[PDB]
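What follows is a single structure, written as structure tokens, with notes after it.
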Amino acid sequence: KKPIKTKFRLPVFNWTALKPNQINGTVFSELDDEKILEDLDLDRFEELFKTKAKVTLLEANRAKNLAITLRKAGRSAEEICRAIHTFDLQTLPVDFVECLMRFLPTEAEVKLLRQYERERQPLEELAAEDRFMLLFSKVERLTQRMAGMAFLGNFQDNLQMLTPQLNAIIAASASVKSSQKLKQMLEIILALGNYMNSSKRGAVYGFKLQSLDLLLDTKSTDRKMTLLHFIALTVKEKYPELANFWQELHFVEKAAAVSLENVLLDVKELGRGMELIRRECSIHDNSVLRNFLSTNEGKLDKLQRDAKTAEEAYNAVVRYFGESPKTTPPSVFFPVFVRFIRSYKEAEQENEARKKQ
Amino acid sequence: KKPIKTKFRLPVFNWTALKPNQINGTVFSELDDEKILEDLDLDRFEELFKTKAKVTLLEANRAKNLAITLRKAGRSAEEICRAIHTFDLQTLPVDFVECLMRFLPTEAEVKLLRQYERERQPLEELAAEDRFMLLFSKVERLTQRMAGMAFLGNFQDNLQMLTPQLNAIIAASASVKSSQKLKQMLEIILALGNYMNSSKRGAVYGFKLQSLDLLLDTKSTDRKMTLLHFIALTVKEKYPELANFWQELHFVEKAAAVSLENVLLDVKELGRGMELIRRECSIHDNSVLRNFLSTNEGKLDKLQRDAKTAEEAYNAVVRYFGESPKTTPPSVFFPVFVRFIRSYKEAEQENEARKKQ
Amino acid sequence: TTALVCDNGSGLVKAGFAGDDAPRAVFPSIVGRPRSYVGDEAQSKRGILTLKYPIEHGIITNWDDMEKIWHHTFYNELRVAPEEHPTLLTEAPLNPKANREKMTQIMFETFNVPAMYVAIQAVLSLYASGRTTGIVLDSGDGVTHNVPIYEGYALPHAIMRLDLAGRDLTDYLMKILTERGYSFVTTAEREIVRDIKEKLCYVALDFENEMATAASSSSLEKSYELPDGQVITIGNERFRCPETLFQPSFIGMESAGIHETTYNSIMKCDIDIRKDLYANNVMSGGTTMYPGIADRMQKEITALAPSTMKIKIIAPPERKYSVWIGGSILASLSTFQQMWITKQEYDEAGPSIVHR
Amino acid sequence: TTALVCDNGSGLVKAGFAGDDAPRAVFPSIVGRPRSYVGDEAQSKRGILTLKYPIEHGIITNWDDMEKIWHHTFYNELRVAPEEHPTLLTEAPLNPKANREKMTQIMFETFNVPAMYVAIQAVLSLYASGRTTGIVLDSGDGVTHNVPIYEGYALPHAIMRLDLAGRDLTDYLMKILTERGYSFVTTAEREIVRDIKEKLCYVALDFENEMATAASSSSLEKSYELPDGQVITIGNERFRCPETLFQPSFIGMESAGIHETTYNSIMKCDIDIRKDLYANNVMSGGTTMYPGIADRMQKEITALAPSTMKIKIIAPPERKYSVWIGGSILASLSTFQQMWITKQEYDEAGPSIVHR
Ligand SMILES: Nc1ncnc2c1ncn2[C@@H]1O[C@H](COP(=O)(O)OP(=O)(O)OP(=O)(O)O)[C@@H](O)[C@H]1O
Ligand SMILES: Nc1ncnc2c1ncn2[C@@H]1O[C@H](COP(=O)(O)OP(=O)(O)OP(=O)(O)O)[C@@H](O)[C@H]1O
């Protein structure tokens with residue numbers, strides 16, 4: 001009961017207040033504001049503290065979002081559904097197809113639209129967004145036509161990015177696997193370090209690839225050169241043709257950076273997508289789906305035979321150097337060589353500049 | 001087969017080598033060191049790269065650890081077992097009891113000792129540590145005598161730390177709960193802010209404690225003072241006795257820092273520990289257990305009645321101010337007041353220095 | 001009723017009327033006081049007054065000066081009566097619910113506004129590009145953020161506040177033009193140095209590669225004309241300044257550069273939406289203005305992400321004002337209307353109504 | 001056979017014979033070279049040679065200079081034949097298996113040692129106090145660590161490396177004695193400033209409370225006598241220097257101070273052993289030498305931990321050398337004997353035998 005007068009509008013005090021059912025057990029029912037009437041002199045208080053005196057069926061957020069999307073579009077709901085029917089043979093804007101795809105109606109909000117079209121007349125009393133959604137769910141096979149359109153606009157840029165990775169693994173995997181000037185270098189190492197490592201510890205017929213990395217590691221007693229330096233001098237002297245030998249392997253840096261497992265499953269996904277395109281085009285479009293599928297299915301096939309040979313090639317090298325392609329990616333495998341080449345190259349610069357003075 | 005000669009001891013090359021059963025599928029069986037014999041000229045190589053030419057039944061780590069412990073001790077295994085039997089009536093070093101407790105033998109390593117005492121004669125062929133462990137497991141009721149000794153050395157320092165926290169909650173909890181000069185202040189707030197908050201939002205009979213914090217928050221239209229400032233001036237004028245009012249609550253800062261749930265369960269644990277002492281002393285020590293238990297059980301009891309009243313007191317204030325003692329600790333509850341006092345105090349300094357200058 | 005849109009910037013108030021074009025009232029957010037005056041006027045009367053900086057870094061700190069700001073915004077630049085137009089103000093990311101709550105309170109109680117809204121700046125920027133999901137790099141005068149956003153909602157613990165921004169880059173250009181012998185350390189005439197930064201200098205695609213060209217090309221360096229008669233020239237320091245973004249270490253920071261900040265921001269987010277985050281990545285604000293910054297960014301992220309990752313940088317030609325336009329767009333938006341706070345409901349619930 | 005114990009410090013080699021007293025060979029770990037000379041000699045020939053710092057911060061970095069160190073240690077200070085005595089060297093916490101592996105290799109291959117061991121310094125310090133479990137604060141010349149240890153094993157991801165230490169505190173005392181007007185910035189005569197730090201200055205229990213006494217007590221300040229005739233005086237800066245530990249911000253670091261570092265180190269650890277960690281807490285090394293640092297630490301941790309937490313700081317009077325002594329203790333330890341690495345088994349397994 002009993003609120004106050006408020007001549008001026010005092011600032012809200014944002015305190016979190018206690019409901020009177022809590023009030024009973026506390027200090028707060030002991031005594032009250034009934035003593036405090038004039039008292040403190042409310043007047044200079046209030047003089048000191050004074051301040052200056054259609055319908056949506058979509059949840060409002062989803063609505064706002066949609067609006068922000070379509071505002072950017074510029075297209076009418078009708079233009080849009082026409083485009084999805086014709087497969088964006090009216091201005092295919094894949095970006096916009098992508099954004100839109102999230103706004104596909106859920107069956108739950110298909111319910112709010114469905115009979116409530118026939119029932120009453122929300123039409124023209126419907127919010128723009130709701131009307132759009134109505135006509136949007138009107139499109140037959142909406143989900144799949146969307147998917148198809150996405151696929152289509154993407155495919156070019158897709159194998160634009162997918163191909164050269166597949167190529168760079170293929171290239172590098174083989175140029176490494178097939179280099180003699182490499183197998184030679186390795187065999188000199190096997191020698192030299194077996195010489196070192198023998199008389200104790202045994203003698204061994206080959207080494208796992210990690211080994212290459214500690215080369216710069218074990219120095220001369222002089223401390224002035226390294227082992228790698230030595231292998232370099234020994235190359236320039238006893239085996240001069242090898243002094244290049246890196247030039248026989250090629251895309252190794254670029255193939256390092258390829259994440260292949262991904263590339264493969266991307267290829268597989270593309271496959272399922274083409275299948276959707278042919279399944280849809282079948283029964284039935286048929287315009288510009290055919291006009292795609294023809295000019296494409298062979299491109300896709302090239303990507304697939306290149307995926308199969310990329311995978312086989314790479315598994316081949318890894319197993320060839322002792323490691324497990326199941327457990328190792330290029331992102332590990334190839335840099336080993338990279339580091340070794342880069343270093344070797346670095347080594348001879350010193351082996352050269354030392355000979356000069 | 002076929003290791004090398006090694007005139008000088010070449011540095012180990014730490015490469016990770018391939019076992020010949022792996023070697024078959026790789027580059028490494030293509031060609032071998034058999035071509036490389038003189039070739040690179042092993043001589044200046046090896047000239048360039050040359051270098052310079054009782055029994056434990058305890059797992060060795062556990063052993064080492066024990067040693068490091070006893071080394072610090074200075075005590076013999078016999079002095080020690082004598083001490084655990086007599087309840088460290090020979091030099092009670094609770095630290096050392098604590099360290100040692102971890103080294104209590106597991107039944108698993110009681111097995112290695114047990115019959116293998118009677119079987120053969122490991123004695124004097126036994127490592128110091130193993131012997132110690134033997135004689136250590138020799139002590140009857142070892143685990144419990146240990147526990148007891150820990151308890152005993154700890155109890156003093158224990159309620160040394162436990163009591164004043166129980167006291168500080170008790171003190172502060174009630175001095176707050178029982179202050180009139182507080183309930184007064186609060187009721188002025190309830191008034192002032194109800195005046196503000198009325199005519200809209202309603203009017204309310206009390207506020208949850210958090211509210212206090214936004215007091216400094218809502219300023220004058222002038223922007224020169226705050227609400228708290230105003231309540232301060234209004235106190236010094238209309239209600240001068242309250243201008244101190246903090247002096248009626250006392251251990252609130254110290255009680256804030258008490259973690260009470262812990263303190264109580266520490267008290268309960270102490271209880272179970274005393275019970276262990278009496279159970280042991282019963283059958284049977286009985287020296288210096290009695291000599292403790294007598295001079296202590298009353299101290300313990302004081303701690304217990306002080307725990308019960310500490311808990312009851314605190315639950316009382318929390319519920320009294322509207323909050324849930326089940327959901328709130330002192331570490332939250334009391335600082336509310338602290339901040340308010342500290343601020344209030346801070347406020348009048350300004351309300352004073354403004355009147356001067 | 002035209003609504004109002006006020007973007008409160010660490011260095012700059014960007015404000016005006018909804019119905020999107022651009023803020024026509026844009027002034028330095030600064031408050032002068034006798035040892036009150038707001039804006040460029042304070043720049044002029046400088047030193048006779050002590051300038052206080054309410055919005056420096058992210059958040060409005062001292063509110064009194066802020067009131068001075070909004071008063072000058074409304075009553076002078078904008079030249080309106082705040083009682084009349086519903087107002088939309090922006091807020092930094094991670095802005096605390098009380099900052100927001102006292103914003104609303106100052107709105108309704110001090111300026112008597114009919115309705116209002118507080119919106120998160122980097123969400124407005126993402127709105128102005130027609131997106132409800134993505135990661136904004138909003139880089140202003142005083143702060144920088146990487147704000148992940150999903151379905152309009154900015155993901156709270158994703159946001160990465162870098163304390164580096166445009167004013168700091170202006171300082172760096174001071175430091176490195178001095179090292180080239182040029183004579184202005186002056187807190188007055190440095191208002192021209194900023195201009196250089198804005199007109200000429202840029203972001204290298206490969207830093208060292210371009211600093212290998214340090215003296216090679218004469219047309220790599222550019223000719224700058226001072227306001228008065230004399231003219232000077234700018235060398236490598238040109239591209240060296242915005243580099244401080246990607247390498248904070250230049251000024252001495254141990255914080256990640258941008259691409260990193262961006263990256264582990266994305267990486268803080270749920271695994272599913274990551275894709276949509278990389279794909280839609282929007283740069284906004286006047287420190288995202290340096291030419292070529294988009295592509296440099298692009299290559300630098302393509303680096304951190306996987307091979308097959310679709311990564312797009314959206315850097316609109318109008319993005320200096322991104323947030324504000326996203327503001328107009330939102331205020332003028334029709335389905336936004338039911339979301340406005342009003343005096344009716346503020347006076348009902350008090351400032352904590354501002355939560356939606 | 002007397003074994004050998006070498007503690008390789010960021011600023012100092014502390015080394016000598018097992019059978020615990022103290023290292024009798026202790027020298028600055030520095031390598032001079034013509035623009036080779038090791039130790040205090042390098043300090044003397046300084047500037048005629050360029051001093052390189054192999055063990056600066058935690059880890060031995062360049063190995064060549066390290067070889068120079070161990071050669072000087074063995075052949076000069078210690079005056080022995082390394083072929084003869086099994087050697088125990090220390091290592092920083094978090095030291096990488098290759099660092100350790102090339103240590104062992106230089107031992108056996110370069111110095112021809114019969115046997116050896118590499119042990120974690122902050123575990124040796126916990127050993128010298130008669131403990132197998134606890135948290136060491138090992139604070140040296142160049143690094144600082146909080147190392148949790150359970151059953152002799154230091155818990156790997158617990159360890160917190162603070163890059164702040166004694167040399168940095170010496171630098172701070174330079175900075176703040178200069179601000180008091182005293183004239184030595186010289187990289188030569190600053191070797192006296194260090195001395196001040198070591199002899200007089202200390203750690204305040206409550207900082208500001210003691211800096212409230214800044215000028216109150218004349219006997220709060222102390223009188224320092226220079227090596228030559230002249231004498232000077234030291235004021236508040238005395239306690240202000242070791243304060244930098246607890247407040248790294250003093251020199252400008254954004255890292256936690258100590259007590260924090262300690263605390264979240266404990267907190268990184270498994271819930272059970274936390275108790276034992278707080279209870280047994282051992283400070284070690286010459287930067288843990290400041291008087292009263294133990295109690296200040298104590299109160300500051302009692303702050304962070306719960307009410308009922310048993311919290312003890314173990315700060316031994318001999319702890320400047322803590323590690324090394326724990327070294328002697330361990331080497332001379334009998335059950336340690338079977339754990340030595342030997343030439344037999346190194347030549348069997350190669351350097352990667354060093355893992356236990
Ligand atoms: N072409 C340009 N090149 C470089 N910097 C620019 C350019 N144009 C403007 N700036 C810089 O932008 C900065 C201000 O940007 P902006 O005002 O958009 O951010 P803000 O005020 O910090 O807040 P918000 O992020 O909300 O916009 C200024 O410091 C200015 O140097
Ligand atoms: N009483 C003292 N007061 C202040 N500082 C001291 C004192 N005694 C030694 N120091 C300082 O301690 C630092 C060296 O510490 P220490 O030699 O223990 O570390 P380290 O050898 O680098 O590494 P570790 O702690 O692993 O041995 C030097 O900077 C020295 O000035």
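Here's how to read the names in the structure tokens: chain A, B, ... by the order shown, residue numbers from 1 in each chain, ligand numbers from 1 in the order shown.
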- prompt: Once chain B is best-fit onto chain A by all Cα atoms in order, what RMSD in Å is left?
  reply: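 Once chain B is overlaid on chain A, the RMSD is 0.1 Å.
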Ligand 1: which residues are within 7 Å, counting only C-alpha atoms and all ligand atoms? Reply as a CSV table (one decimal) with N, CA, C and O atoms, in the first residue's frame.
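The result, stored in pocket-v7.csv:
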```csv
chain,number,residue,atom,x,y,z
C,7,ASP,N,26.6,6.2,-32.7
C,7,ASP,CA,27.7,5.3,-32.5
C,7,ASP,C,28.8,6.0,-31.7
C,7,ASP,O,29.4,7.0,-32.2
C,8,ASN,N,29.1,5.5,-30.5
C,8,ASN,CA,30.0,6.1,-29.6
C,8,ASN,C,31.4,5.5,-29.6
C,8,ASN,O,31.6,4.4,-29.1
C,9,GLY,N,32.3,6.2,-30.3
C,9,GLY,CA,33.6,5.6,-30.6
C,9,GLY,C,34.6,5.9,-29.7
C,9,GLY,O,34.6,7.0,-29.1
C,10,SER,N,35.7,5.1,-29.6
C,10,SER,CA,36.8,5.3,-28.7
C,10,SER,C,37.4,6.6,-29.0
C,10,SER,O,37.9,7.3,-28.1
C,11,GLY,N,37.6,7.0,-30.3
C,11,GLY,CA,38.0,8.3,-30.6
C,11,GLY,C,36.9,9.2,-31.2
C,11,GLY,O,37.1,10.4,-31.2
C,12,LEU,N,35.8,8.7,-31.7
C,12,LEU,CA,34.9,9.4,-32.5
C,12,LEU,C,33.4,9.1,-32.4
C,12,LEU,O,33.0,8.0,-32.5
C,13,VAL,N,32.6,10.2,-32.2
C,13,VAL,CA,31.1,10.0,-32.2
C,13,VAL,C,30.6,10.1,-33.6
C,13,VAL,O,30.8,11.1,-34.3
C,121,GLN,N,28.2,-2.8,-31.5
C,121,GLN,CA,28.7,-2.2,-32.7
C,121,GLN,C,29.0,-3.1,-33.9
C,121,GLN,O,28.6,-3.1,-35.0
C,138,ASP,N,36.4,-5.6,-36.0
C,138,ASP,CA,36.1,-4.2,-35.8
C,138,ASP,C,37.3,-3.5,-35.3
C,138,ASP,O,37.7,-3.8,-34.2
C,139,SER,N,37.9,-2.6,-36.1
C,139,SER,CA,39.1,-1.9,-35.6
C,139,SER,C,38.9,-0.4,-35.7
C,139,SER,O,38.7,0.1,-36.8
C,140,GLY,N,38.8,0.2,-34.5
C,140,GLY,CA,38.5,1.6,-34.4
C,140,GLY,C,39.7,2.5,-34.3
C,140,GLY,O,40.8,2.3,-34.9
C,141,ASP,N,39.5,3.6,-33.5
C,141,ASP,CA,40.6,4.5,-33.1
C,141,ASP,C,41.4,3.9,-31.9
C,141,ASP,O,42.6,3.9,-31.9
C,142,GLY,N,40.6,3.5,-30.9
C,142,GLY,CA,41.3,3.0,-29.6
C,142,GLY,C,41.3,1.6,-29.2
C,142,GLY,O,42.1,1.2,-28.4
C,143,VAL,N,40.4,0.8,-29.8
C,143,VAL,CA,40.3,-0.7,-29.4
C,143,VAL,C,40.3,-1.5,-30.7
C,143,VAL,O,40.3,-0.9,-31.8
C,166,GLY,N,44.0,2.5,-34.3
C,166,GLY,CA,44.4,3.7,-35.1
C,166,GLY,C,45.1,4.8,-34.4
C,166,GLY,O,46.1,5.4,-35.0
C,167,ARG,N,44.8,5.2,-33.2
C,167,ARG,CA,45.6,6.2,-32.5
C,167,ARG,C,47.0,5.7,-32.3
C,167,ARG,O,47.9,6.5,-32.4
C,170,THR,N,48.9,5.9,-35.4
C,170,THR,CA,49.3,7.3,-35.6
C,170,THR,C,50.6,7.7,-34.8
C,170,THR,O,51.5,8.3,-35.3
C,194,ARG,N,48.6,12.1,-38.9
C,194,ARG,CA,47.4,11.2,-39.1
C,194,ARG,C,46.9,11.2,-40.5
C,194,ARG,O,46.7,10.2,-41.1
C,197,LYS,N,48.9,9.0,-42.8
C,197,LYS,CA,48.4,7.7,-42.5
C,197,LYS,C,47.2,7.4,-43.3
C,197,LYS,O,47.1,6.3,-44.0
C,198,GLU,N,46.2,8.3,-43.3
C,198,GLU,CA,44.9,8.1,-43.9
C,198,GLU,C,45.0,8.2,-45.5
C,198,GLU,O,44.3,7.5,-46.1
C,199,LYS,N,45.8,9.1,-46.0
C,199,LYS,CA,45.8,9.3,-47.5
C,199,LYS,C,46.7,8.3,-48.3
C,199,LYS,O,46.3,7.8,-49.3
C,285,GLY,N,35.4,-0.4,-39.7
C,285,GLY,CA,36.0,0.7,-39.0
C,285,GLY,C,37.3,1.2,-39.6
C,285,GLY,O,38.0,0.5,-40.3
C,286,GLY,N,37.6,2.5,-39.4
C,286,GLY,CA,38.6,3.2,-40.1
C,286,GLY,C,40.0,2.7,-40.0
C,286,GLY,O,40.9,3.2,-40.8
C,287,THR,N,40.3,1.8,-39.1
C,287,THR,CA,41.7,1.2,-39.1
C,287,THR,C,41.7,-0.1,-40.0
C,287,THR,O,42.8,-0.6,-40.4
C,289,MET,N,40.7,0.4,-42.9
C,289,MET,CA,40.7,1.1,-44.1
C,289,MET,C,41.9,1.0,-45.0
C,289,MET,O,41.8,1.2,-46.2
C,290,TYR,N,43.1,0.6,-44.5
C,290,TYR,CA,44.3,0.6,-45.3
C,290,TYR,C,44.2,-0.3,-46.5
C,290,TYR,O,43.7,-1.5,-46.3
C,320,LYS,N,34.2,2.1,-43.2
C,320,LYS,CA,34.7,3.0,-42.2
C,320,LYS,C,33.6,3.4,-41.1
C,320,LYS,O,33.9,3.5,-39.9
C,321,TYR,N,32.4,3.5,-41.7
C,321,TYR,CA,31.2,3.7,-40.9
C,321,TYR,C,30.3,2.5,-40.7
C,321,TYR,O,29.2,2.7,-40.2
C,323,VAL,N,29.4,0.0,-38.7
C,323,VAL,CA,28.5,-0.1,-37.6
C,323,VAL,C,27.3,0.9,-37.7
C,323,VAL,O,26.2,0.5,-37.7
```
message: Counting only C-alpha atoms, a student should be able to say which residues of chain A come within 8 Å of chain D; what is the right answer, written as a PyMOL selection string?
response: chain A and resi 200-201+223
Using C-alpha atoms, can you write the selected residues to a file as a short mmCIF file (atom, residue, chain, number, x, y, z; two decimals), in the first residue's frame?
```cif
data_model
loop_
_atom_site.label_atom_id
_atom_site.label_comp_id
_atom_site.auth_asym_id
_atom_site.auth_seq_id
_atom_site.Cartn_x
_atom_site.Cartn_y
_atom_site.Cartn_z
CA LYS A 200 79.10 -50.58 -30.38
CA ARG A 201 75.30 -50.28 -30.84
CA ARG A 223 83.32 -27.17 -33.44
#
```
Selection near residue A:334, 8 Å with only C-alpha atoms, sequence-local residues under 5 positions removed, as a PyMOL selection string: chain A and resi 252-253+255-256
task: Quick one: everything within 6 Å of stretch 53-55 of chain C, counting only C-alpha atoms, minus sequence neighbours fewer than 6 positions away in the same chain. Send it as a PyMOL selection string.
output: chain C and resi 10+30+61-62
Write out, as a tab-separated table (two decimals), in the first residue's frame, the residues just selected, with C-alpha atoms.
```tsv
chain	number	residue	atom	x	y	z
C	10	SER	CA	36.77	5.30	-28.72
C	30	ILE	CA	36.59	14.47	-26.02
C	61	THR	CA	34.13	5.19	-18.19
C	62	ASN	CA	33.19	8.52	-16.60
```
If you run DSSP on this backbone, which residues of stretch 61-189 of chain D come out as strand (DSSP E), and could you give them as a tab-separated table (two decimals) with N, CA, C and O atoms, in the first residue's frame?
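Result file follows (states_36.tsv):
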```
chain	number	residue	atom	x	y	z
D	87	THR	N	79.65	-37.72	-12.36
D	87	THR	CA	79.19	-36.34	-12.26
D	87	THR	C	77.66	-36.17	-12.36
D	87	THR	O	76.99	-36.75	-13.21
D	88	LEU	N	77.14	-35.34	-11.47
D	88	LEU	CA	75.72	-35.04	-11.40
D	88	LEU	C	75.52	-33.58	-11.78
D	88	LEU	O	75.90	-32.69	-11.01
D	89	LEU	N	74.91	-33.32	-12.93
D	89	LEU	CA	74.55	-31.95	-13.30
D	89	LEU	C	73.07	-31.72	-13.15
D	89	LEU	O	72.25	-32.63	-13.26
D	90	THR	N	72.75	-30.48	-12.85
D	90	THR	CA	71.36	-30.07	-12.71
D	90	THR	C	70.78	-29.61	-14.07
D	90	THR	O	71.51	-29.45	-15.06
D	91	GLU	N	69.47	-29.35	-14.10
D	91	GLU	CA	68.79	-28.90	-15.32
D	91	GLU	C	67.57	-28.07	-14.94
D	91	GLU	O	66.93	-28.31	-13.90
D	115	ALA	N	80.57	-42.15	-15.12
D	115	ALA	CA	79.15	-42.27	-14.87
D	115	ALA	C	78.61	-40.87	-14.80
D	115	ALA	O	79.38	-39.93	-14.56
D	116	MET	N	77.30	-40.70	-15.00
D	116	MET	CA	76.68	-39.40	-14.72
D	116	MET	C	75.17	-39.41	-14.44
D	116	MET	O	74.51	-40.45	-14.51
D	117	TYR	N	74.66	-38.24	-14.09
D	117	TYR	CA	73.23	-38.04	-13.87
D	117	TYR	C	72.84	-36.60	-14.09
D	117	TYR	O	73.59	-35.68	-13.74
D	118	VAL	N	71.63	-36.41	-14.64
D	118	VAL	CA	71.08	-35.08	-14.83
D	118	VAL	C	69.83	-35.03	-14.01
D	118	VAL	O	68.97	-35.91	-14.16
D	119	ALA	N	69.74	-34.03	-13.15
D	119	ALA	CA	68.67	-33.97	-12.18
D	119	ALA	C	68.07	-32.59	-12.21
D	119	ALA	O	68.76	-31.62	-12.49
D	120	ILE	N	66.79	-32.51	-11.87
D	120	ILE	CA	66.03	-31.28	-12.00
D	120	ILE	C	66.26	-30.41	-10.78
D	120	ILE	O	65.87	-30.82	-9.68
D	134	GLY	N	56.08	-31.53	-2.71
D	134	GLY	CA	55.91	-30.15	-2.36
D	134	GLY	C	56.14	-29.26	-3.54
D	134	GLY	O	56.42	-29.73	-4.65
D	135	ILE	N	56.01	-27.97	-3.31
D	135	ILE	CA	56.20	-27.02	-4.38
D	135	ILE	C	57.39	-26.13	-4.05
D	135	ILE	O	57.44	-25.46	-3.02
D	136	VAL	N	58.37	-26.18	-4.93
D	136	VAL	CA	59.51	-25.31	-4.80
D	136	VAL	C	59.26	-23.99	-5.48
D	136	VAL	O	58.73	-23.95	-6.60
D	137	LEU	N	59.63	-22.89	-4.83
D	137	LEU	CA	59.85	-21.68	-5.60
D	137	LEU	C	61.34	-21.55	-5.74
D	137	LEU	O	62.00	-21.07	-4.83
D	138	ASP	N	61.86	-21.89	-6.90
D	138	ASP	CA	63.28	-21.76	-7.15
D	138	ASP	C	63.45	-20.45	-7.89
D	138	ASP	O	62.99	-20.30	-9.03
D	139	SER	N	64.09	-19.49	-7.25
D	139	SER	CA	64.32	-18.21	-7.89
D	139	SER	C	65.82	-17.95	-7.99
D	139	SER	O	66.50	-17.80	-6.98
D	144	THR	N	62.73	-17.90	-12.89
D	144	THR	CA	62.06	-18.27	-11.64
D	144	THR	C	61.09	-19.37	-11.98
D	144	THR	O	60.49	-19.33	-13.05
D	145	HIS	N	60.93	-20.35	-11.09
D	145	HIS	CA	59.96	-21.42	-11.32
D	145	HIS	C	59.17	-21.73	-10.08
D	145	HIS	O	59.66	-21.54	-8.96
D	146	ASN	N	57.94	-22.17	-10.30
D	146	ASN	CA	57.14	-22.83	-9.28
D	146	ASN	C	56.95	-24.27	-9.68
D	146	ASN	O	56.17	-24.57	-10.58
D	147	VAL	N	57.64	-25.18	-9.00
D	147	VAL	CA	57.70	-26.55	-9.45
D	147	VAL	C	57.00	-27.45	-8.47
D	147	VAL	O	57.45	-27.63	-7.34
D	148	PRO	N	55.85	-27.95	-8.87
D	148	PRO	CA	55.19	-28.97	-8.06
D	148	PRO	C	55.88	-30.30	-8.23
D	148	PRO	O	56.30	-30.64	-9.33
D	149	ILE	N	55.98	-31.03	-7.12
D	149	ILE	CA	56.69	-32.30	-7.06
D	149	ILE	C	55.89	-33.29	-6.22
D	149	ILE	O	55.44	-32.96	-5.12
D	150	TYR	N	55.69	-34.49	-6.74
D	150	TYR	CA	54.98	-35.53	-6.01
D	150	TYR	C	55.71	-36.86	-6.12
D	150	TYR	O	55.88	-37.39	-7.23
D	153	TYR	N	58.81	-36.89	-8.27
D	153	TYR	CA	58.50	-36.47	-9.63
D	153	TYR	C	57.95	-35.06	-9.69
D	153	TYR	O	56.90	-34.77	-9.11
D	154	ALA	N	58.63	-34.17	-10.41
D	154	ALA	CA	58.05	-32.86	-10.69
D	154	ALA	C	56.94	-32.96	-11.76
D	154	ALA	O	57.13	-33.49	-12.87
D	160	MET	N	55.54	-23.23	-13.66
D	160	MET	CA	55.28	-21.92	-14.20
D	160	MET	C	56.58	-21.15	-14.25
D	160	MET	O	57.15	-20.81	-13.23
D	161	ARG	N	57.04	-20.84	-15.44
D	161	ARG	CA	58.28	-20.11	-15.56
D	161	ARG	C	58.01	-18.61	-15.57
D	161	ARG	O	57.42	-18.09	-16.51
D	162	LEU	N	58.42	-17.92	-14.52
D	162	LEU	CA	58.46	-16.47	-14.57
D	162	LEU	C	59.81	-16.04	-15.11
D	162	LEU	O	60.84	-16.54	-14.67
```
Polymer residues at most 9 Å from residue D:77, only C-alpha atoms, same-chain spacing of 5 or more positions, as a compact mmCIF listing (two decimals) with N, CA, C and O atoms, in the first residue's frame:
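Output contents, as saved in selection-v7.txt:
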```
# COMPACT_ATOMS: atom_id res chain seq x y z
N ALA D 15 79.36 -25.43 -8.17
CA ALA D 15 79.87 -26.79 -8.37
C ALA D 15 80.97 -27.19 -7.40
O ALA D 15 81.70 -26.35 -6.88
N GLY D 16 81.09 -28.50 -7.20
CA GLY D 16 82.06 -29.02 -6.27
C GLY D 16 81.84 -30.50 -6.04
O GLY D 16 81.25 -31.18 -6.88
N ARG D 24 82.32 -25.29 -3.49
CA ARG D 24 83.46 -24.42 -3.23
C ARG D 24 83.94 -23.72 -4.50
O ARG D 24 84.76 -22.79 -4.45
N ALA D 25 83.40 -24.17 -5.63
CA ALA D 25 83.63 -23.53 -6.92
C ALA D 25 82.32 -22.93 -7.41
O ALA D 25 81.40 -23.65 -7.81
N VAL D 26 82.25 -21.60 -7.36
CA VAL D 26 81.08 -20.85 -7.76
C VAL D 26 81.54 -19.65 -8.56
O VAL D 26 82.22 -18.76 -8.04
N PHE D 27 81.15 -19.61 -9.84
CA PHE D 27 81.62 -18.53 -10.71
C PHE D 27 80.54 -18.13 -11.69
O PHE D 27 79.67 -18.93 -12.02
N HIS D 72 86.32 -25.37 -17.90
CA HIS D 72 86.83 -24.53 -16.83
C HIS D 72 86.44 -25.03 -15.43
O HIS D 72 87.23 -24.96 -14.49
```
